[PDB]
Amino acid sequence: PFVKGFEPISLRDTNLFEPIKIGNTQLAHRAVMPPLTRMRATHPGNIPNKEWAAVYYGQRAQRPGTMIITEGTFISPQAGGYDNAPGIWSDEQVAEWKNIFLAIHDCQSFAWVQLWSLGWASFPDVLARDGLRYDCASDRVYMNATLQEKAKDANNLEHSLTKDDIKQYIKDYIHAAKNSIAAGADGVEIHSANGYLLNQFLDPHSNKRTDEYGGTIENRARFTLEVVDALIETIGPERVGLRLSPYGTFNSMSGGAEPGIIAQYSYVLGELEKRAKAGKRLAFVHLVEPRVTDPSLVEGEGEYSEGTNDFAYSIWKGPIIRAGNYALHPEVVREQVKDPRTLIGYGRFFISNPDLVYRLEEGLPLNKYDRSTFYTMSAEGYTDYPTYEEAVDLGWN
Ligand SMILES: Cc1cc2nc3c(=O)[nH]c(=O)nc-3n(C[C@H](O)[C@H](O)[C@H](O)COP(=O)(O)O)c2cc1C
Ligand SMILES: NC(=O)c1cccnc1
């Protein structure tokens, strides 16, 4: 059904529907499909879904000139631990990704692979099954008591990364990025947000290291910036974006309660702008908003009201994608896209609205999403959400 009580506003007259160049791509509008884990990849081997994924992405690519960022995609076995999330390190994975990107490109839209590593958010027993470490910044701190107990029970305690482990992660990012581009992707997004591995190095709650990868702002940023530099060099800065969540508390990150947190993210952005002024500007920075500190909470819950991402605009001078509870708040979008280099990511309501862009353009009702099929191995709740005209036929109006 449609979302009850939602009063839609047409956004056709705004910068949301002005073209913009992002890296090598030419967008027709600024409504972005952000990375959304859906768990339809098959086991063993973390292989993209051969039946439904190309259809799902093709559906959401249907407006020409749409930017699509894929679900988090593991860069290597050691970076993973979720059986039904895809990877892009292997030939078998690449083979299906080719079909998925083909479906997106057939719509004259664009595909960016989000490159993912889990760190302490992984499942230590699943890793142990595969002979893999349970990786983190500092084994002195665990993400929560459940995982700590699981780690003990699996005889796979947290492993503080060594410098050599970090070098291997960088090699994995490079390999996964080369595979992404060879498979046909228009670019990659480095996931350094939402409490996964890179974010764990950025955050002073998870990172208690005293080597060159922790203990200062500069040190905590080093791993993320080494990944950024490795990908700039191998696939070009215009094929690389970076995702950050300054105010996130998901997966036990500090968020705004850490008064040093904006200096940490300011440093990262300044380092990116320094690179840009030297001729190597990333295609974009993707920020999760304090509107959503935790995406497991329903829209309107978990909103941090004591800080904003405004600081980023004074530092970084390229495109910024903003995500978090924007679908239900066109009035907020209307104000924020007045800035001419701002794009808007719509997550949960892109799940439920394959024709979201049209609905935004025309001010139409939105399909309610069904959380119970976010992660199920089904076409149901994946490819069977109706377009507006289809919903009207089913009587949803
Ligand atoms: C089911 C689900 C899966 C998600 N998967 C990813 C992911 O793989 N990588 C990522 O960076 N963010 C992921 N997110 C976070 C979203 O990209 C987005 O930041 C968040 O949902 C807030 O935007 P929204 O209110 O428009 O949904 C996911 C969110 C949901 C609800
Ligand atoms: N916010 C995220 O990065 C994320 C990733 C996978 C599942 N849920 C949330």
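Read in the deposited numbering, the sequence shown has 196 at position 196, and its numbers run on one by one without any break. Beta carbons are placed, not taken as given, at the ideal position from N, Cα and C, and that holds for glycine.
{"Query": "Where does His159 fall in DSSP's three states?", "Result": "strand"}
{"Query": "So, do the stretch 155–166 and the stretch 60–71 have three or more beta carbon pairs nearer to each other than 8 Å?", "Result": "no"}
{"Query": "State yes or no: is the C-beta of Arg239 within less than 8 Å of the C-beta of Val188?", "Result": "yes"}
{"Query": "Counting along the chain, where does the beta strand (DSSP E) carrying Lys368 start and finish?", "Result": "Run containing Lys368: none; DSSP gives neither H nor E here."}
{"Query": "Would you list, in sequence order, the uninterrupted alpha helix (DSSP H) runs of no fewer than 4 residues that lie entirely inside the stretch 136–218?", "Result": "145–153, 163–182 and 197–202"}
{"Query": "Does DSSP put residue 404 in a helix, a strand or coil?", "Result": "For residue 404 there is no data in the structure shown, the boundaries of the chain being 1 and 397."}
{"Query": "Assign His105 to one of three DSSP states: helix, strand, or coil.", "Result": "helix"}
{"Query": "Between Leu282 and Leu272, which are expected to be in contact by the criterion C-beta below 8 Å, what is the C-beta distance as a whole number of angstroms?", "Result": "6 Å"}
{"Query": "Got a sec, what are the start and stop residues for the alpha helix (DSSP H) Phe223 sits in?", "Result": "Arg222 to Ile235"}
{"Query": "With distances taken Cα to Cα, identify the nearest neighbour of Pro259 among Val357, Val268 and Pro246.", "Result": "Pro246"}
{"Query": "May I ask which residues mark the beginning and end of the beta strand (DSSP E) holding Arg243?", "Result": "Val240 to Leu244"}
{"Query": "First and last residue of the beta strand (DSSP E) that includes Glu71?", "Result": "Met67 to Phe74"}
{"Query": "Should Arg322 and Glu289 be called a contact, given that it needs their Cβ atoms to be closer than 8 Å?", "Result": "yes"}
{"Query": "Which residues in the same chain have their Cβ closer than 6 Å to the Cβ of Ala54, if we skip the five residues on either side of it in sequence?", "Result": "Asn99, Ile100 and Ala103"}
{"Query": "Can you give me the C-alpha to C-alpha distance between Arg371 and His191, rounded to a whole angstrom?", "Result": "23 Å"}
{"Query": "Looking at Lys280: is its Cβ nearer than 8 Å to the Cβ of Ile315?", "Result": "no"}
{"Query": "Considering only residues of the stretch 27–90, which uninterrupted beta strand (DSSP E) runs meet the minimum length of 3 residues and lie entirely inside it, listed in chain order?", "Result": "31–33 and 67–74"}
{"Query": "Distance, Cα to Cα, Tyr304 vs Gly255?", "Result": "9 Å"}
{"Query": "Could you tell me whether the Cβ atoms of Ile69 and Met33 are closer together than 8 Å?", "Result": "yes"}
{"Query": "Helix, strand or coil, according to DSSP, for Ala257 in the structure here?", "Result": "helix"}
{"Query": "What does a CB cutoff of less than 7 Å around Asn207 pick up in its chain, not counting 5 residues either side in sequence?", "Result": "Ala137, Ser138, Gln200, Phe201, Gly214 and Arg220"}
{"Query": "So what does DSSP say about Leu16, is it helix, strand or coil?", "Result": "helix"}
{"Query": "Write down the C-beta distance between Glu96 and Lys50 rounded to the nearest angstrom, noting that I regard them as a contact closer than 8 Å.", "Result": "6 Å"}
{"Query": "Distance, Cα to Cα, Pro44 vs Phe17?", "Result": "42 Å"}
{"Query": "Provide the residue(s) that pair with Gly5 in DSSP beta bridges, ordered along the chain.", "Result": "Partner(s): none; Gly5 has no beta bridge."}
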